[PDB]
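Working notes, structure below.
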Amino acid sequence: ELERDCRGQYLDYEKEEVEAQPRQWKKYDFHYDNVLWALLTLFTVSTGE
Amino acid sequence: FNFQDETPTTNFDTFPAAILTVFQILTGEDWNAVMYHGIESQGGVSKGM
Amino acid sequence: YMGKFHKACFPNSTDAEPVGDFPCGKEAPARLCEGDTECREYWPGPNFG
Amino acid sequence: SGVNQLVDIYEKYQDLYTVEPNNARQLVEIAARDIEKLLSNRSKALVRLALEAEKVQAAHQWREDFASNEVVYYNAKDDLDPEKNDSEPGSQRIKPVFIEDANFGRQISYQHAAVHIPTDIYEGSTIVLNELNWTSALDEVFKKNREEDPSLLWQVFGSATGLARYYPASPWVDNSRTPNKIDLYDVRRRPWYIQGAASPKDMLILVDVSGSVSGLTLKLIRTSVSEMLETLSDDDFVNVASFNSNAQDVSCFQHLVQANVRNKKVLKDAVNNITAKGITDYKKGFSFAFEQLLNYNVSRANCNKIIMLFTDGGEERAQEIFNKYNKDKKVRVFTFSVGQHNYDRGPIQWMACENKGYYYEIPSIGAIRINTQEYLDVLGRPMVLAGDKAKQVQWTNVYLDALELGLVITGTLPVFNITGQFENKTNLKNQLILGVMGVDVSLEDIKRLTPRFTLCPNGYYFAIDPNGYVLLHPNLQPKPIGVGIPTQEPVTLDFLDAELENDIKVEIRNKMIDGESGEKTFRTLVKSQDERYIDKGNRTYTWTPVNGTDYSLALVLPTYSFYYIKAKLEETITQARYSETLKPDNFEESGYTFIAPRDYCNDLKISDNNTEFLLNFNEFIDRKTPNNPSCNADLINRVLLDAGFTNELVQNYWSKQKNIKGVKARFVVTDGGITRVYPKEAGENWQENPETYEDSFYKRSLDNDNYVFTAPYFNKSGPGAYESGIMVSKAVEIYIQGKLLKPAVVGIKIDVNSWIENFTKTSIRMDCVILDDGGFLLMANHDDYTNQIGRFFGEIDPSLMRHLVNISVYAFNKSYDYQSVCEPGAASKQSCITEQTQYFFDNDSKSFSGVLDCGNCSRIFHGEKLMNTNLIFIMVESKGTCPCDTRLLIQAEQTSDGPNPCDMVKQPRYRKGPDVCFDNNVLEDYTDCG
Ligand SMILES: CC(C)C[C@@H](C(=O)N[C@@H](Cc1ccc(OCc2ccccc2)cc1)C(=O)NC(C)(C)C)N(C)Cc1ccc(C(C)(C)C)cc1
Ligand SMILES: *[C@@H]1O[C@H](CO)[C@@H](O[C@@H]2O[C@H](CO)[C@@H](O)[C@H](O[C@@H]3O[C@H](CO)[C@@H](O)[C@H](O)[C@@H]3O)[C@H]2NC(C)=O)[C@H](O)[C@H]1NC(C)=O
Ligand SMILES: *[C@@H]1O[C@H](CO)[C@@H](O[C@@H]2O[C@H](CO)[C@@H](O[C@@H]3O[C@H](CO)[C@@H](O)[C@H](O)[C@@H]3O)[C@H](O)[C@H]2NC(C)=O)[C@H](O)[C@H]1NC(C)=O
Ligand SMILES: *[C@@H]1O[C@H](CO)[C@@H](O[C@@H]2O[C@H](CO)[C@@H](O[C@@H]3O[C@H](CO)[C@@H](O)[C@H](O)[C@@H]3O)[C@H](O)[C@H]2NC(C)=O)[C@H](O)[C@H]1NC(C)=O
Ligand SMILES: CCCCCCCCCCCCCCCC
Ligand SMILES: CCCCCCCCCCCCCCCC
Ligand SMILES: *[C@@H]1O[C@H](CO)[C@@H](O)[C@H](O)[C@H]1NC(C)=O
Ligand SMILES: *[C@@H]1O[C@H](CO)[C@@H](O)[C@H](O)[C@H]1NC(C)=O
Ligand SMILES: *[C@@H]1O[C@H](CO)[C@@H](O)[C@H](O)[C@H]1NC(C)=O
Ligand SMILES: *[C@@H]1O[C@H](CO)[C@@H](O)[C@H](O)[C@H]1NC(C)=O
Ligand SMILES: *[C@@H]1O[C@H](CO)[C@@H](O)[C@H](O)[C@H]1NC(C)=O
Ligand SMILES: *[C@@H]1O[C@H](CO)[C@@H](O)[C@H](O)[C@H]1NC(C)=O
Ligand SMILES: *[C@@H]1O[C@H](CO)[C@@H](O)[C@H](O)[C@H]1NC(C)=O
Ligand SMILES: *[C@@H]1O[C@H](CO)[C@@H](O)[C@H](O)[C@H]1NC(C)=O
Ligand SMILES: [Ca+2]
């Protein structure tokens, strides 16, 4: 839960077979980090999708 | 809704969760996923439709 | 559309769970699949059937 | 066969050798001294390494910037490609030059130590980078240790941050970068690290199977309990309880049982078979836990009492249960909040505080592996505070090495954090160990300190744990121990399961565990090597404790094996005229020669392809004189003496005759290694092991002072029985100075047709069968039984087999093989416990008659045991009668489950636990509930 920690690799048990995946510090698709991004996020919320 | 491998966030366990789930079904978005969960909870398609 | 969502293409006679959550067909216009798989009967269907 | 000719040849050359005694007492004392010297050498290496690790971590300065000062190290999971772009910001990677070494069998670099960092651990964080910085002194002391003792195998620092730094730099096994080969190795789960990180436990896993744990929580709880059990050694005692308004055992065990492979499997099955239902009650569960930890009627390790609570959360603290049962705070309580939920986690975190424990969270699979290592991190606080009384070398059970070397035992020593010491500071985390240092001792390295070739092929050494497991035994194979029916554990094979179990052997095992010394001569059922016969042996066990360790060494020695022939070959020409017989160009006057692939000289490499080894042996014999200290003279002297005697037999008695109608092959096998089979035609049909000490018939024919016929294998794809024959052998029994010593076996491979014609020749003067020991049809008359020659007679007509057993002419012993490969069924090949049986002559009587009461019919038989052999003739006259073929007596290595563990823990085998253990210190700071 920090960008310092979120480096290297990790074991993913999602596939039901262990697989090593990279650790990526990502941002969500609709993310409110601006009044232009918040407008788009709120528009997509208002359309219901 | 305590399924194997997962527990949905849109569940009817407590009152805040139930009230939010009913609100989300009212707005119309993804009511079908909650329907599938509520059918699988009452036994399989076999006996809970 | 009766009973058309039940042919999923399964591994090579291993009797394991089918690969992919989509119906298939052994015919020409339907969705073929790939990777040593056989489009055979008895898959409950999409969305738990 | 010419027993007499080989005999009088042997007495004809008393001036060519000397007969020497096998004083078993001195042999055991010498081997025990050698083994204690080896283990003390490894202990000294460990002490050096641990001292330097503590000193060099005491003088370390913490940092957060490694860009300005890179750390240079070799990462084990680096690809051999010269990739300049495979470096972390704070670390520059070494690219080593790898040579191939004989000791290790892998690429080995002596110039630096390698490092293993688990995939789930980032290899450039601050903790990892600091550890990689201060372990370079460990690298240097690795070099020094290997420089003072060139026989060292892997010597390793198992860091508590996840790292592992072993000295001979070798690439990780198969898991560097390979699809479907994921690297789940973690040093802190390894048996040697688990062993050296703390003292033996008394767990009791309380699983909270109530209603609120259904779904994902129960999945994570059962996986977590499995992974918790996978961190318990054989010195640890554990039971698993489960409570939902009522506490009960999850399995058939009613108390704390030892945490060995079988019991751990039983507990794992019980936990996997568990279901969630009902209301929680934290008082009736902890009452059960504290009551089961108050049981002292059962065997235990009276140390480190623990309770592992696998719940999710709740609003119940149960203060009064703890104040009643745990008031002196003798019992820890580690609480685990498993699952992804929003229940209250306050009482869960409080039970750990008021009971010296710790609180762990397991939100999802992937968090399971780390928290078990972490309670073990907690348990080592009392060990740290005991400064130098806790630094003692301990050796683990026999296990299979990671960097594949075969079977090894690791000697561990923990490393203490000593930053603030004699200059006392806050000493925040000075209660945790830095890691554990281990050094591996190869089991084949222990085998070389117990020379076996001066003994009979029936005499051998074996060592033992305090738990009774064998450090060293002829029946210990490099395979994992089977635990049930197939559908990184240690190789823990008990002494009573590596052999046949009498009561005298239980007395001997108990005496060895206690560390006493003594001798015992008695009569033993010795199972043959092919696991198909049982002979009535004559043994003499002598044992001593190995001083300075927990091991106890013993030497099995047959009564006739008290003397051995010492070859007096010092003429340098007589050995040459013996040697000239061995090139594979004279295999027409002398027999087809095979040589035991022994360690005659180190420059010879043993080969599975025997004639290759024969060629190099001849080559080295061609120029042998300058290689005086290169190798042992005794082995080559004896093998050449035996080759000469065998040649004198094969020319002066076999080459004068050249042909007998009945025989198909004439062979002689000698303890030196010579096994010349005469015709050179059946030598292609010869399928016996080149090493004579592993020849089943040779070992069988020495205890049995008579003729032994080995029935060929049935339905085996190869040379078969018709075109090879059937084996016949008797052992020479020469006397020198009035002493009984048996140096060799001669034999005949009698042809099947030349016997069947003579057997049916006299029929004018149909059902007639010949049976040997073990009830195998050697040959018959009906000519359809002879189709199934060598096959077990019980498979032919099992009714007569059962009845003939009922007269008690054939006794049988059913035992277990825990190290056998196994075809997996349904609910490549896994390993199971196979349940092999062997038959033999119950009584010594010679004539047997009776009536077979077949169902609604009657059958008559007469049995006569041929004098001076292991055969019985059965005259039964009944074919195609009413069907009494209900079942079969299948003498075969049958897949089975082992002995019922729920019944074997109520009368457990005697076992001596570790003496000193560290728990419940008063200086320990409990205010770290996490
Ligand atoms: C109810 C229907 C008859 C008409 C209804 C509609 O079509 N909604 C969409 C879903 C939706 C919702 C919000 C959207 O963002 C525009 C917005 C945002 C906030 C408030 C008002 C408008 C876009 C799409 C729908 O699901 N349509 C189906 C036919 C049922 C499939 N819109 C709202 C009428 C409308 C649209 C645009 C405007 C202007 C702003 C003046 C241009 C004015 C009026
Ligand atoms: C079935 O076939 C022949 C039957 O003639 C068996 O060989 C004979 O065995 C008898 C046993 O008592 C011998 O007397 C026969 O002659 C012996 O030959 C040896 C050869 O070294 C002499 O030293 C003896 O003094 C004696 O004369 C012997 N004859 C032959 C030709 O072998 C044969 O053993 C038997 N088959 C099997 C498999 O045993
Ligand atoms: C062995 O014990 C010593 C001390 O008992 C450990 O050294 C100490 O480690 C802590 C980190 O847990 C250091 O605190 C850190 O300091 C840096 C810089 O001041 C700061 O940026 C961090 O936020 C954190 O506060 C501490 O300085 C360091 N030294 C002392 C004297 O306390 C050591 O880590 C232990 N060994 C291992 C292998 O962890
Ligand atoms: C393995 O094979 C050996 C073959 O000797 C078996 O040992 C024999 O077992 C029988 C059956 O229990 C013993 O007979 C019993 O003798 C006692 C004492 O006289 C008598 O009271 C009983 O009524 C019964 O007749 C026999 O003595 C014993 N042999 C020896 C030398 O002690 C053994 O049972 C087989 N199985 C195992 C697991 O070892
Ligand atoms: C780095 C900042 C760039 C942000 C551009 C994002 C595009 C957002 C489009 C906004 C759409 C608004 C719809 C609702 C208007 C009332
Ligand atoms: C397993 C297949 C057959 C199971 C029996 C039929 C169950 C489906 C019928 C119920 C559907 C409920 C929705 C009705 C909406 C009008
Ligand atoms: C082990 O020590 C005991 C007593 O210290 C001694 O009697 C015995 O000979 C020793 N054994 C060896 C192999 O040194
Ligand atoms: C122990 O080490 C010494 C020198 O360090 C060596 O001479 C001796 O042979 C070693 N012992 C064994 C059993 O290898
Ligand atoms: C730790 O790092 C510093 C700077 O790179 C280096 O001088 C020092 O030798 C390192 N410690 C050890 C034990 O090598
Ligand atoms: C163990 O498994 C069997 C078979 O699934 C089941 O019938 C039994 O109830 C299980 N044990 C418990 C205690 O539930
Ligand atoms: C142990 O044995 C004693 C006496 O044999 C008995 O009273 C007690 O119930 C047994 N069990 C425990 C747990 O003490
Ligand atoms: C060994 O065998 C001899 C005869 O073969 C027998 O008299 C003796 O009792 C046996 N040894 C033991 C310990 O019984
Ligand atoms: C064994 O080695 C010899 C000598 O090189 C060779 O002729 C023979 O083919 C080899 N046999 C096998 C099975 O490798
Ligand atoms: C032999 O068979 C009888 C009945 O068929 C049985 O009672 C007995 O146990 C068997 N074994 C012996 C050694 O008598
Ligand atoms: Ca509950």
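Protein chains in written order, with UniProt numbering: chain A, 1317 to 1365; chain B, 635 to 683; chain C, 245 to 293; chain D, 52 to 538, 554 to 831, 848 to 909, 970 to 1072.
Here a beta-carbon is modelled for each residue, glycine too, at the ideal position from N, C-alpha and C.
Neighbours of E674 (chain B) in chain C, taken as residues whose beta carbon is under 9 Å from its own, are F292 in chain order. Minimum Cα-Cα distance from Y1348 (chain A) among the listed residues A:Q1337, A:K1342, A:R1339 and A:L1358 corresponds to A:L1358. Taking the Cα positions, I661 (chain D) is about 6 Å away from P756 (chain D).
Between the C-alpha atoms of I672 (chain D) and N698 (chain D) there is a straight-line separation of about 15 Å. In the DSSP assignment, the residues bridged to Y658 (chain D) are D:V743.
If you measure from each CB to the nearest heavy atom of ligand 15, the residues under 6 Å come out as D:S261, D:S263, D:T331 and D:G365. Contact between the stretch 363-373 of chain D and the stretch 317-327 of chain D is not established, with fewer than three Cβ pairs separated by less than 8 Å. By the Cβ criterion, the stretch 727-737 of chain D is in contact with the stretch 807-819 of chain D, since at least three pairs of Cβ atoms, one from each stretch, lie closer than 8 Å.
Note that the C-beta distance between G614 (chain D) and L90 (chain D) is below 9 Å. The beta carbon of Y333 (chain D) is closer than 6 Å to those of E367 and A369 in its chain, skipping five residues each way along the sequence. For the set D:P433, D:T461 and D:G262, the Cα lying nearest the Cα of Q482 (chain D) is the one of D:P433. At a cut-off of 8 Å, the beta-carbon of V668 (chain B) does not count as near ligand 6: no heavy atom of the ligand is closer than that. If you draw a straight line from the Cα of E640 (chain B) to the Cα of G678 (chain B), it is about 16 Å long. Using a cutoff of 8 Å, the CB of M246 (chain C) does not count as near ligand 6, since none of the ligand's heavy atoms is closer than that.
The Cβ-Cβ distance between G710 (chain D) and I792 (chain D) does not fall below 9 Å. Note on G262 (chain D): under 16 other CB atoms within 10 angstroms of its CB, so exposed under the neighbour-count rule.
By the neighbour-count criterion, in which a residue is buried when 16 or more other Cβ atoms sit within 10 angstroms of its Cβ, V389 (chain D) is buried.
For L1318 (chain A), the closest Cβ of chain D is not nearer than 9 Å. In this structure, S275 (chain D) lies away from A310 (chain D), with their beta-carbon atoms at least 9 Å apart. The shortest C-alpha to C-alpha distance from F990 (chain D) to any of D:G997, D:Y981 and D:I1002 is the one to D:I1002. Assignment of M578 (chain D) by DSSP, reduced to helix, strand and coil, places it in the helix class. Around the beta carbon of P624 (chain D), a 10 Å sphere encloses 16 or more other beta carbons of the protein chains shown; the residue is thus reported as buried.
In chain order, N636, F637, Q638, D639, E640 and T641 make up the part of chain B whose C-beta sits under 9 Å from the C-beta of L267 (chain D). Contact between the stretch 60-78 of chain D and the stretch 626-640 of chain D is present: 3 or more CB-CB pairs across the two stretches fall below 8 Å. In this structure, DSSP gives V1064 (chain D) a state outside helix and strand, which the three-state scheme calls coil. Taking C-beta separations shorter than 7 Å and ignoring five residues to either side along the sequence, the partners of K896 (chain D) in its chain run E977 and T979, following chain order. Nearest Cα to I822 (chain D) within the set D:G813, D:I802 and D:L860: D:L860.
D130 (chain D) and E760 (chain D) have their C-alpha atoms some 42 Å from each other. DSSP places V122 (chain D) inside the beta strand (DSSP E), whose first and last residues are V122 to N126.
Between the stretch 427-441 of chain D and the stretch 497-508 of chain D there are fewer than three inter-stretch CB-CB distances shorter than 8 Å, so the stretches are not counted as touching. From the beta-carbon of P288 (chain C), the residues of chain B found nearer than 8 Å are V679. Relative to ligand 10, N1350 (chain A) has its C-beta separated by 8 Å or more from all heavy atoms. Setting aside the 5 residues that flank it on each side, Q56 (chain D) is surrounded in the same chain by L715, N718 and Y719, each with a C-beta closer than 8 Å to its C-beta; the list follows chain order.
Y347 (chain D) has its CB nearer than 8 Å to a heavy atom of ligand 11. Taking a 10 Å sphere around the C-beta of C999 (chain D), we find fewer than 16 other C-beta atoms and assign the residue as exposed.
At least 9 Å separates the CB of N645 (chain B) from every CB of chain C.
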